[PDB]
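Encoded as structure tokens, the following chain is the form deposited in one PDB entry, with no partner shown.
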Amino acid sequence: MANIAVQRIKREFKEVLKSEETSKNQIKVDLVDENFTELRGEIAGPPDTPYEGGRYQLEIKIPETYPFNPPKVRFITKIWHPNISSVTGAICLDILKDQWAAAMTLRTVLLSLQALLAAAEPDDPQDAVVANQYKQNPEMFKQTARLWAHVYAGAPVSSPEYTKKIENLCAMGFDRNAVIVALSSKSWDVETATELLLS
């Protein structure tokens, strides 16, 4: 039991539940283990963004040197975004690394990530593939995220065109997820993605 402040996570845990954001249904948090070292966060895709309609889950773990070293956070629900690994949920944000601070609240982190959804940070990416697509075709990126949000985050409408291309490959007997990451990573080019699929 080397977890320093189990009495802060508790306070910051109240804080989040009692926040206006939670009643506004933008962010919410839940406990996973007794000791209080791993929570489960959930945020709503901000409106006017391909993430709109989506409900995303976050894995929040607290390391031993907590206050001082930031908490490790990952995106459980599959998201397509410059700053989140499209296949691991690893995030890349200044505050979740080195630019972290003493009194940064969990609520400050959940809102921060939500804000991140509204405006990526392409130059300090985590996923080279996503960041590139997001720059060389901000339209495709959006259409691609609107889909990912739908298939994985329970968001509404998605491109009926892309579903067609996911069908032609799944026909060959490929795994759905795999198929999607290939098509999204290769600019939705049925030929060039089937390529990647075989490597």
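In this text, the rigid core denotes the largest set of C-alpha atoms whose superposition between the two forms falls within 1.5 Å. Note that residue numbering follows the sequence shown and begins at 1.
Novice: Which of the two stretches, 156-164 or 126-134, shows the higher mean Cα temperature factor in the record?
Specialist: Comparing 156-164 with 126-134, the higher average CA B-factor belongs to 156-164.
Novice: Higher mean Cα B-factor in the deposited model: 172-180 or 5-13?
Specialist: Taking the mean B-factor of the alpha carbons in each, 5-13 is higher.
Novice: Among 27, 62, 151, 140, which carries the highest Cα B-factor?
Specialist: When the deposited C-alpha B-factors of 27, 62, 151, 140 are compared, 27 is largest.
Novice: Is the Cα B-factor recorded for residue 106 in the lowest, middle or highest third of its chain?
Specialist: According to the entry, residue 106 has a C-alpha B-factor in the chain's lowest third.
Novice: Ranking the modelled residues of this chain by C-alpha B-factor as given in the entry, is residue 193 in the lowest, middle or highest third?
Specialist: It belongs to the middle third of the chain when residues are ordered by C-alpha B-factor.
Novice: Among the modelled residues of its chain, does the C-alpha B-factor of residue 39 lie in the lowest, middle or highest third?
Specialist: For residue 39, the deposited C-alpha B-factor lands in the highest third.
Novice: Split the chain's modelled residues into thirds by Cα B-factor; is residue 31 in the lowest, middle or highest one?
Specialist: Highest third, going by the recorded CA B-factors of the chain.
One more form of this protein, deposited in another entry, exists but is not displayed; see below.
Novice: Checking residue 140 here: with the core superposed, does its CA move 2 Å or more between this form and the one not shown?
Specialist: No.
Novice: Honestly, after the rigid core fit, is residue 152 moving at least 2 Å at Cα between this form and the one not shown?
Specialist: No; that C-alpha moves by less than 2 Å between this form and the one not shown.
Novice: Please say whether, between this form and the one not shown, the C-alpha of residue 169 moves by 2 Å or more once the core is aligned.
Specialist: Yes, shifts by 2 Å or more.
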